[PDB]
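Below, in structure tokens: the form solved without the partner chain, a single chain.
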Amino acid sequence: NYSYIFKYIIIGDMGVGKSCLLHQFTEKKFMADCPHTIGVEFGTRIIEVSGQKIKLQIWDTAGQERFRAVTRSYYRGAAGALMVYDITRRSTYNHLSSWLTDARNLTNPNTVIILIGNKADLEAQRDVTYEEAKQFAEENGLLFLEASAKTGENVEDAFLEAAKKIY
């Protein structure tokens, strides 16, 4: 049961963990025994926000908004956007202005955007600081969390904090 529907997109460079973040949230598990599959594209989950029951739809959109009319309008009705980079890979951080442009250009003026730095579990291999990403987020009025799709650290919060701001 639910009283509202929130559409989410999840975007960012290939291999940053978009499919894993979506899977960890909807199914509460990290695979590790299934490296041979493509990686989950879509999912849903009912959450409780501010005393309300809300259904979240989540789409690893993969740039299909340029080709598919239905993907085009889902994008235009997006309530939230997770913009994801890989903390161990600076190039994924460097492409954020491009992803932010797409996001804003192709959604609607209400769309709430959250920045996620994924793979926080790989501490020894950190390539991007918390501090620089926090300043990018603050400049652009985004929410910001460092998270780990593998361990589940801050993954629930990622989706829930966005939803509470959507009100």
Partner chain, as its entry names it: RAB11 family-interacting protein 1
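Residue numbers count along the first chain shown, from 1.
The next section is about a form of this same protein that is not shown, the form deposited with the partner chain bound.
Enquirer: Taking the partner chain in the entry with it bound as the reference, which of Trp59, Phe136, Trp99, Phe30 has a non-hydrogen atom within 4.5 Å?
Expert: If I apply the 4.5 Å criterion carefully, the residue I get is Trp59.
Enquirer: Which of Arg126, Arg104, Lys53, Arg68 has a heavy atom within 4.5 Å of the partner chain in the entry with it bound?
Expert: By the 4.5 Å heavy-atom cutoff, the listed residue in contact is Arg68.
Enquirer: Is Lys150 part of the interface with the partner chain in the entry with it bound - any heavy atom within 4.5 Å?
Expert: Although the partner chain is absent here, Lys150 would stay clear of it in the entry with it bound, with no heavy atoms inside 4.5 Å.
Enquirer: Does at least one non-hydrogen atom of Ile38 fall within 4.5 angstroms of the partner chain in the entry with it bound?
Expert: It does: once the partner chain is placed as it appears in the entry with it bound, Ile38 has a heavy atom within 4.5 Å of it.
Enquirer: Hey, in the entry with it bound, does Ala158 get a heavy atom within 4.5 angstroms of the partner chain?
Expert: Looking in the entry with it bound, residue contacts with the partner chain do not include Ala158, since no heavy atom lies within 4.5 Å.
Enquirer: Report yes if any heavy atom of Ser73 sits within 4.5 Å of a heavy atom of the partner chain in the entry with it bound; otherwise report no.
Expert: Yes, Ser73 sits close enough to the partner chain in the entry with it bound that at least one of its heavy atoms falls within 4.5 Å.
Enquirer: Could you pull out the residues of 4 to 27 that have any heavy atom within 4.5 Å of the partner chain in the entry with it bound?
Expert: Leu22, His23 sit within 4.5 Å of the partner.
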